[PDB]
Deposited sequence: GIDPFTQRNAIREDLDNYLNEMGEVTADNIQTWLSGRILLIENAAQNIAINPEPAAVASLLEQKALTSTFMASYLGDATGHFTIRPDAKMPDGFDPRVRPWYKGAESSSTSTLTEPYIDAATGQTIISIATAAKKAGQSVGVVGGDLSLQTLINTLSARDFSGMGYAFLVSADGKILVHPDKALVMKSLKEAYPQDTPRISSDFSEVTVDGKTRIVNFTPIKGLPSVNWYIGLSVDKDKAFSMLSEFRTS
């Protein structure tokens, strides 16, 4: 009976994957624009009084945990202000290196925030004034915000996985920054497969992967994992 509507279930799961990727792409896109705008505006006049005033504005401080500018001399400005660890250097941080490596904006993987000590991600971009970089701007979003975004939509759940197979954001915090192989050792889903049927705790799940279109610099996927019996029962 299943083998007759199995192509049907594929169609629903692909649809659910697409919708989820679309939403995330949309939620991130406005935040990417604010950081880009901040960087465009800094490049206007990169005097440090100006920078501070821009990063203090409510549109940025209500949207990000903090935003900041770092330069090639090692200096930085962060708003809201925070006590940084001794010897903190913005140049070595994943937002800075990421932004300098790309011709456009970028998004980090999860990393440990120097300010709060919590796992976050960052949107970052180089502020270019007339072709020349003047530093890197970024904004921090917490993993909990990202987890909350994903879990909005009883078959299953969504998670965010990079195109290298590293889980970035998953409702089970234990699996954050684990590869697929490490998180699903017994029976590993493969991105190369439209659908991967895997056993988790003696139950079959169906896992697909949907690319998130329209992100700058990164190729990430939405993963969907659904209980096979619940999915078919539907």
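Engineer: Report the unmodelled segments of the deposited sequence as residue ranges counted from 1.
Structural biologist: According to the deposited record, C-alpha coordinates are absent for 1-6, 160-162, 244-250, which together make up the missing parts.
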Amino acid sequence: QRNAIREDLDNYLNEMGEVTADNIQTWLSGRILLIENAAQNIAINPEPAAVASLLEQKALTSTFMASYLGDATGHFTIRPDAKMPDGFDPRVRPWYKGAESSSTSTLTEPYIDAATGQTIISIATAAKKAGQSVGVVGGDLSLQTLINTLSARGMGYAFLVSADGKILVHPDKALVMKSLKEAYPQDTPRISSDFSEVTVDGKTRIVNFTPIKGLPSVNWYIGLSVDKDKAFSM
From here on, numbers count along this sequence of modelled residues.
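Rigid core: the largest C-alpha set superposing within 1.5 Å between the two forms.
Engineer: On a core superposition, give the stretch, 87-95 or 154-162, with the larger average C-alpha separation from this form in 6 other deposited structures of this protein (RMS over structures and residues).
Structural biologist: Once the cores are fitted, 154-162 deviates more in 6 other deposited structures of this protein.
Engineer: How do 168-176 and 187-195 compare in 6 other deposited structures of this protein: which one has C-alphas farther from this form after the rigid core is matched?
Structural biologist: Stretch with the higher C-alpha RMS distance in 6 other deposited structures of this protein: 187-195.
Engineer: Given the other compared entries that model the residues flanking it, would you say residue 201 is unmodelled in at least one third?
Structural biologist: Per the records, residue 201 goes unmodelled in at least a third of the other entries.
Engineer: Mean C-alpha B factor from the entry: is it higher for 69-77 or for 92-100?
Structural biologist: Taking the mean C-alpha B-factor of 69-77 and of 92-100, the larger value falls to 69-77.
Engineer: Test of understanding: from the entry's C-alpha B-factors, which stretch has the higher mean, 82-90 or 123-131?
Structural biologist: On average, C-alpha B-factors are higher across 123-131.
Engineer: According to the deposited entry, which of 107, 155, 163, 114 has the largest Cα B-factor?
Structural biologist: 155 has the highest C-alpha B-factor of those listed.
Engineer: Out of 16, 218, 222, 9, which one has a C-alpha B factor higher than all the others in the entry?
Structural biologist: Max CA B-factor in the entry, restricted to 16, 218, 222, 9: 9.
Engineer: Please place residue 203 in the lowest, middle or highest third of its chain by C-alpha B factor as given in the entry.
Structural biologist: Tercile = highest for this residue's CA B-factor.
Engineer: What third of its chain's C-alpha B-factors does residue 150 belong to: lowest, middle or highest?
Structural biologist: It belongs to the highest third of the chain when residues are ordered by C-alpha B-factor.
Engineer: What third of its chain, lowest, middle or highest, does the C-alpha temperature factor of residue 186 fall into?
Structural biologist: Highest third - that is where residue 186 ends up once the chain's C-alpha B-factors are sorted.
Engineer: Can you tell me whether residue 178 has a C-alpha B-factor in the lowest, middle or highest third compared with the other modelled residues of the same chain?
Structural biologist: Middle third by C-alpha B-factor.
Engineer: What third of the chain does residue 192 rank in for C-alpha temperature factor, lowest, middle or highest?
Structural biologist: Lowest third.
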